[PDB]
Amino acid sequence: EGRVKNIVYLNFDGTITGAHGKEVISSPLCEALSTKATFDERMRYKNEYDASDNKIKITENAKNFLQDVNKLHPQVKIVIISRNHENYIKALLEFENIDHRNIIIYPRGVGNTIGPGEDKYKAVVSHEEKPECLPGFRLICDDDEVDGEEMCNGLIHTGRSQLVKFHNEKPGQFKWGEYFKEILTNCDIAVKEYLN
């Protein structure tokens, strides 16, 4: 039930933030936030986040991109695929006042249970196989070229790669403004609703 024709698949660490996941996944702040399952528990960490090295934060341009693309919902959907913890991802979005109500997060699992973001290829294949997903525009951003190809390979495996834009850049080097132009240039109904 529903139609999703245009999907933006985003890695989190090093893509939306300025730090590759290897240098954050085991950090005290990421471990502390991992178990914080409510807004109230997460928000207590905002001060420590704000005092953190700027590399770990959501970058200014990624924040603006997420906020802009959120306004294109439901014509465009955002899917975050990450080996990091769901509650760390939600916390950072909340710290930056980014609404995540409609963003789908495929994160690491809890404990010994494996989560969907631990296998990016399978995460994309599973998402494309949902009955509401239809062919159309695909944007994929990852700072790990291998990971990025894993998500690309998932689109290929499902026959959903006819109109893909794939961006692999070093953290802090993503051209989110250009990617927003790419969405609007390739999603007719998106740009029709955007013009009010």
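From 1 onward, residues are counted along the sequence shown.
The PDB entry records a higher mean C-alpha B factor for 155 to 163 than for its counterpart among 34 to 42 and 155 to 163. The question of which stretch, 107 to 115 or 120 to 128, has the higher mean Cα B factor is settled in favour of 107 to 115. In this PDB entry, the Cα temperature factor of residue 28 sits in the bottom third of its chain's modelled residues, the lowest group. The entry lists a Cα temperature factor for residue 183 that places it in the middle third of the chain's modelled residues. Among all modelled residues in its chain, residue 17 ranks in the middle third by Cα B-factor.
Compared with the other modelled residues of the chain, the Cα B-factor recorded for residue 146 ranks in the highest third.
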